[PDB]
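Only one chain is shown below, in structure tokens, and it's the form deposited in one PDB entry.
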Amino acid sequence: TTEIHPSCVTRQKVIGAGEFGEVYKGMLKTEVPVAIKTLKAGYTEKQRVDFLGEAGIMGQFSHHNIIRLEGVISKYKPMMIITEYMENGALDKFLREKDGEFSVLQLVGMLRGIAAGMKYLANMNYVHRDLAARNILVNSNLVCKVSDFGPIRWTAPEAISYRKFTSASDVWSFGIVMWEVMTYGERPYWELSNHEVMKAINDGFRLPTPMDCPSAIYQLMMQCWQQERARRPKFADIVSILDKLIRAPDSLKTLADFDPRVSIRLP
């Protein structure tokens, strides 16, 4: 990681909360807009270990679809993690505010980017545990980048049941993200309670197809939701399939049947 001097950082707006400090939007000089997570006076030993350990892991990552670390302030207080700023913000909110505005190819391109970032993380032996559209950031080129903190509806059964978090439970979450993207940010399982979601999944029910969804994309998300973890595709399989669908875009024209809930009779 690069050490940044505090005189190069201006905090402007609070945009979130950290584990022991705030997250700001600001500017970095060397101006470029940045996001800034602070660790404030009184933090514990464990919090400092986790904060600097987070900075270190982010510093190791170098991938188009992973949020970029600009640097760290560790020699002065408050300590800070400084990342690039993504002006379109979080993917879940972004899609909900732009309902129906994108082509199928654009949406699938988003998913290919997320999958490539996740393939990289899994290969680097990083298990995310919290993959969801709320943790994806979108830039002004529509590039999606994975982010993380320092979620029953998104979590694979074995991770809920016995705390087995692996890249294969991240694949389950990726399937949910696919459904979030294709529905423009609909809440998975709608108003079902957490217990009702787990009961439905255990009974074998799965989320139905989104409207206007390519058959190939629904098939892929369904295979991410296999109960047996070993049967789920790996991220390499997901990236390969999405890349081939994008490169032969007529493949996306065949749509899965949408189960209408409302039927209107007109002559």
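Start at 1 and count along the sequence shown; that's the residue number.
Omission of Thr30 is seen in a third or more of the other entries compared for this protein where the adjacent residues are built. In the deposited sequence, the stretch from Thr30 to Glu31 hides 4 to 9 residues that have no coordinates. Missing deposited residues between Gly150 and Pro151: 10 or more, all without coordinates in the entry.
Higher mean CA B-factor, judged across 2-10 and 256-264 from the recorded values: 256-264. Taking the PDB entry as given, 85-93 carries the higher mean Cα B factor of the two stretches 169-177 and 85-93. When the C-alpha B factors of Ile201, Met58, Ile217, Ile238 are read from the deposited coordinates, the top value falls at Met58. Among all modelled residues in its chain, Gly42 ranks in the highest third by Cα B-factor. Compared with the other modelled residues of the chain, the Cα B-factor recorded for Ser193 ranks in the highest third. In the PDB entry, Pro157 places in the middle third of its chain by CA B-factor. Annotation for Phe51: CA B-factor lies in the highest third of the chain's modelled residues. Ranked within its chain, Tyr76 lands in the highest third, by CA B factor from the PDB record.
This protein has a second form, the form deposited in another entry, left out of what is shown; the following refers to that one.
Taking the list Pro233, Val127, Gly56, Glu84 and the motion between this form and the one not shown, the hinge point where C-alphas stop fitting one rigid part best and start fitting the other is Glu84.
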